[PDB]
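Okay, so here's the structure we're looking at.
Nothing in this text is a laboratory measurement; each read-out follows from the coordinates by a stated rule. Note: ideal-geometry Cβ built from the backbone for every residue, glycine included; neighbour counts use all protein chains shown.
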Amino acid sequence: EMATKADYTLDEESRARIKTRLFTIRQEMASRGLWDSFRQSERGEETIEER
Amino acid sequence: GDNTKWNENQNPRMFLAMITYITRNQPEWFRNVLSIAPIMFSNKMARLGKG
RNA sequence: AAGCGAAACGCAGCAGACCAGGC
Ligand SMILES: [Mg+2]
């Protein structure tokens, strides 16, 4: 985690909880083999006009 | 001078023809949305009224 | 001058032989 002026505004327990959640999400996603797809980003394609 | 029976003689099919000619080269959705009105008016039914 | 509905995202090498060829 990185915070402006190195001021995270929160106690270490709250940030540790949020990081844990993020990790849990990471492992849950990796278990289904979708992490590599998510890795690549910059998704921006649209075509729908009017039908 | 005015034109006698103006509304009684302006056929909606003529407006459909004019809309189709005006909307030449335009996107098909634009032609459809513009031409729907004359189509419905050509099939219009007049309610007789109070009685 | 004009005027209308007045979030989040640019790889990588063997190396060392031996042969043929170039001016
Ligand atoms: Mg030479």
### Query
Looking only at residues in segment A:36-51 that are within 12 Å of RNA strand C (Cβ to nearest atom) and part of a loop (DSSP other than H, G, I, E, B), which one is nearest to the other protein chains (Cβ to nearest Cβ)?
A:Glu46
### Query
Can you tell me which residues in segment A:17-35 are away from RNA strand C (no atom under 12 Å from the Cβ) and either among the charged types (D, E, K, R) or closer than 30 Å to B:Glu28 by Cβ (or both)?
A:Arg17, A:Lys19, A:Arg21, A:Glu28, A:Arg32
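This table checks each residue for (1) within 14 Å of another protein chain (Cβ to nearest Cβ); (2) exposed (fewer than 11 other Cβ atoms within 10 Å of the Cβ); (3) in contact with a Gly (Cβ under 6 Å, 6 or more places away or on another chain).
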{"position": "B:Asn9", "(1), (2), (3)": "no, yes, no"}
{"position": "B:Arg13", "(1), (2), (3)": "no, no, no"}
{"position": "B:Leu16", "(1), (2), (3)": "no, no, no"}
{"position": "B:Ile19", "(1), (2), (3)": "no, no, no"}
{"position": "B:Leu34", "(1), (2), (3)": "yes, no, no"}
{"position": "B:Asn43", "(1), (2), (3)": "no, yes, no"}
{"position": "B:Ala46", "(1), (2), (3)": "no, yes, no"}
{"position": "B:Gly49", "(1), (2), (3)": "no, yes, no"}
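It is to be established whether one or more residues within segment A:6-16 are among the acidic types (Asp, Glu), without any contact (Cβ under 8 Å) to a residue 60 or more places away in the chain, assigned to a helix (DSSP H, G or I) and away from chain B (no Cβ under 14 Å).
Just the residues of segment A:6-16 that are among the acidic types (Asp, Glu), to begin with: A:7, A:11-13.
From what is left, the residues that are without any contact (Cβ under 8 Å) to a residue 60 or more places away in the chain are A:7, A:11-13.
Subsequent filtering for residues that are assigned to a helix (DSSP H, G or I) retains A:12-13.
Then keep just the ones that are away from chain B (no Cβ under 14 Å); that gives A:12-13.
The answer is yes; a qualifying residue exists.
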